[PDB]
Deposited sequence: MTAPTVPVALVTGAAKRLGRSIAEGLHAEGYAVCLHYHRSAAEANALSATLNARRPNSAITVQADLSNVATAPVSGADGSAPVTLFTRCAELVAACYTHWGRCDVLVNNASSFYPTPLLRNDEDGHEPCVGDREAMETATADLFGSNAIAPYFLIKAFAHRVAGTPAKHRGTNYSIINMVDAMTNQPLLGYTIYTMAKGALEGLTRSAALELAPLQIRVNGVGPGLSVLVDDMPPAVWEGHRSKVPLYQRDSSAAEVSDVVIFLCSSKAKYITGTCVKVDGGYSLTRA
């Protein structure tokens, strides 16, 4: 009783929605955040008000860089994130790799390039690798009698992977590595009954820092409804794949994109 979910980047948008949907199914939730301390503490208050000691927050930079209090490597920051679930609640049944940087890295016209690469690949790919390693190590270190009955890892990927967004090469590479992680971890962790799946949004909760015609033009291209998704239209799929009814699904990436990946220029 009281399964525990770890959701990275849980403070806002899709990750907040995922944490809420998991909390609504009875999970205690560990809300990871990087820079959004206010929103993460506000969400924690809301969920703890519904159920005392059902949400906590942990801060971590998931870029592939070392930090300071010897320097602290990304891998041990990820190990410590999983550790916060077992320390507080004695378990971790669900891990959602949701946190993600996303900005252009154009090929056509150096501290920027160096920090872009660690940031985008760490957050979207390498920290997921380390977190899965930490999550799976902990299941392995748990006596079988004490293991949970429904371990589930979700990687937030991208429905539009075969149709790249112009000028976003590092991001697209990182989401491709994340799909590779989904398949590889699914295979390798199957004997522990840890399922690993991907959920791929198309356009979801689209930021509108552009002229109104440009924003409406973007959304209008989604065949189903001619709009971007809501946060829940994505997070409800995450919550299903973690549910026990999804127990035979692993290594699978589910598009939640309104048909947008079906389109062509």
{"item": "Non-modelled portions of the deposited polymer sequence, in sequence order", "value": "1 to 4, 74 to 80, 121 to 132"}
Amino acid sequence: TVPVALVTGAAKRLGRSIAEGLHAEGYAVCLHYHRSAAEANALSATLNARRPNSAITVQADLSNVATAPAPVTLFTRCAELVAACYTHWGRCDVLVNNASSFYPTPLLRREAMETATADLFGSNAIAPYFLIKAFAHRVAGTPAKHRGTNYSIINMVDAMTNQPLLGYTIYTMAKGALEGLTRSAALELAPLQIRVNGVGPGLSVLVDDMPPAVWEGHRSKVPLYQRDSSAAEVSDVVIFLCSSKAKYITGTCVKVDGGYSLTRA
From here on, numbers count along this sequence of modelled residues.
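Between two forms, the rigid core is defined as the largest C-alpha subset superposing within 1.5 Å.
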{"query": "Positional deviation of Cα atoms in 8 other deposited structures of this protein after core superposition, greater for 174 to 182 or 160 to 168", "finding": "160 to 168"}
{"query": "Other entries omitting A60, at least a third", "finding": "no"}
{"query": "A38 left out of the model in a third or more of other PDB entries", "finding": "no"}
{"query": "Greater mean Cα temperature factor according to the PDB record, 223 to 231 or 45 to 53", "finding": "45 to 53"}
{"query": "Segment of higher mean CA temperature factor, 35 to 43 or 234 to 242", "finding": "35 to 43"}
{"query": "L62, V199, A66, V196, ranked by C-alpha B-factor: the highest one", "finding": "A66"}
{"query": "Criterion, highest CA B-factor; candidates, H88, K175, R183, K133", "finding": "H88"}
{"query": "Cα B factor band for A5 (lowest, middle or highest third within the chain)", "finding": "middle"}
{"query": "Modelled-residue ranking by C-alpha temperature factor, third containing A190", "finding": "lowest"}
{"query": "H23, C-alpha B-factor rank within chain (lowest, middle or highest third)", "finding": "highest"}
{"query": "Among modelled residues of the same chain, the CA temperature factor third for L203", "finding": "lowest"}
{"query": "CA B-factor ranking of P164, expressed as a third of its chain", "finding": "lowest"}
